[PDB]
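>>> coordinates only, sequence not included:
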């Protein structure tokens, strides 16, 4: 017998498969029925209606009437990943109860389009920085849900580690890179299925750690200088691992004791780094004789365990 008019509330649409890849194909299967659930054939349907991010550049063939109430169309997908919503239409009106929805997935990870970056390109020994991976396919689609690892290379890779990765959405992933006690060059390559996930490794320099007052020393060329004369100060600065702390100018030292109390106070001149982590300054003694305690300062902190003690001669 002849079926009644198409009824959208009794009709449906399916897309097969779910998760097709960009540039691939997806099949649309529209089940057309009347209000008595009888199949509907011999219609003149409009072209399939495509929406969502993945509809861009996607094209549909005409609908094939299978003679059983099912109508099939092939969709050639564009290169944009994301949601694809498909609704059949008859004279501009919806011809199914709901649109069919799939996620069109990005293609294989492209090392050329993907990028790795480090928040700081100089990191102090023992400290950490953030590594960011932006993972993409050849068309520039962001790749979600990746399981990642990392490869560390270079002089400073021994003792350095990378944490678990955190996905931040839109194919962005972050991890913590912790350096160890070894200074020098370090390169980080995020890995996907054991292969490089980026064009080139992010590069950083591991520099000396925070200064260690226990490993640092201050000496003078004369332990008994006369009032108002000078003595050369030699300040050797190291981190907790014994690395020399280079390129870091100390502050003015702090003076206490009898020899710091005269009308003329002792004063240290500018520090010059003359050796690797070795800073030299000229100390001009004050007008008062007696014991002088000299405490070097670096970034507002005491730079040695115990002060240099001088006995200033009258």
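Structure received. Residues are numbered from 1 along each chain as shown.
>>> residue 58 and residue 101, how far apart?
Remark: distance between residue 58 and residue 101 (C-beta to C-beta, to the nearest Å) = 14 Å. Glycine gets a C-beta too; all of them are placed from N, C-alpha and C.
>>> kindly apply the preceding question to residue 75 instead.
13 Å.
>>> what sits in contact with each of those two?
15, 84, 86 (C-beta atoms under 8 Å, 6 or more residues apart in numbering).
>>> and the helix or strand where the second one lies, how far from the chain's centre?
Right, residue 84. Here residue 84 sits within strand 82-87, counting by DSSP states H and E. Computed by C-alpha atoms, centre = their mean, to the nearest Å, the chain-centroid distance of strand 82-87 equals 32 Å.
>>> list the helices and strands that strand packs on?
strand 12-16, strand 49-51, strand 100-104 (3 or more C-beta pairs under 8 Å, 6 or more residues apart in numbering; DSSP states H and E).
>>> what residues sit buried inside the second one?
So the one you mean is strand 49-51. For strand 49-51, a neighbour-count test (16 or more other C-beta atoms under 10 Å) marks 49-50 as buried.
>>> following it, which helix or strand comes up?
Following strand 49-51 toward the C-terminus (DSSP H and E): strand 59-60.
>>> gap between stretch 289-308 and the chain center?
Remark: stretch 289-308 is offset 40 Å from the chain centroid, using C-alpha atoms, centre = their mean.
>>> span of that stretch from start to end?
End-to-end span of stretch 289-308 (C-alpha to C-alpha, to the nearest Å): 16 Å.
>>> run through who's touching that stretch.
211, 213-214, 216-220, 227, 233, 235, 237, 245, 248, 250-260, 266, 283, 285-286, 309-314.
>>> buried ones among those?
Looks like the contacts of stretch 289-308 have 211, 213, 216-218, 220, 227, 233, 235, 237, 245, 250, 253, 255, 257, 259-260, 266, 283, 285-286, 310, 312 buried, using 16+ other C-beta under 10 Å.
>>> more neighbours, residue 75 and residue 101?
Using other C-beta atoms under 10 Å as the criterion, residue 75 and residue 101 rank with residue 75 on top: 24 against 15.
>>> what angle separates the strand or helix carrying the more buried one from strand 12-16?
Using DSSP H and E, residue 75 maps to strand 70-76. Calculated by axes from the mean of the first three to the mean of the last three C-alpha atoms, to 10 degrees, strand 70-76 forms an angle of 40 degrees with strand 12-16.
>>> please identify the buried residues of strand 70-76?
Those would be 70-73, 75, for strand 70-76 by 16+ other C-beta under 10 Å.
>>> dump those to TSV, plus distance to residue 43.
Shown next, in TSV, are those (distance: C-beta to C-beta, whole Å):
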residue	distance to residue 43
70	12
71	8
72	13
73	13
75	19
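>>> and residue 274, helix, strand or coil?
strand (DSSP: H, G, I helix; E, B strand; the rest coil).
>>> isn't it up against residue 280?
Yes - contact criterion C-beta atoms under 8 Å: residue 274 and residue 280 qualify, at 5.0 Å.
>>> looking at these two, which one has more neighbours?
Per other C-beta under 10 Å, whichever of residue 274 and residue 280 has more neighbours is residue 280, with 16 against 9.
>>> most centrally placed residue in the protein?
residue 132 (1.9 Å; C-alpha atoms, centre = their mean).
>>> what's the span of stretch 126-143, first residue to last?
Start-to-end, stretch 126-143 (C-alpha to C-alpha) is 32 Å.
>>> I appreciate the help and will end here.
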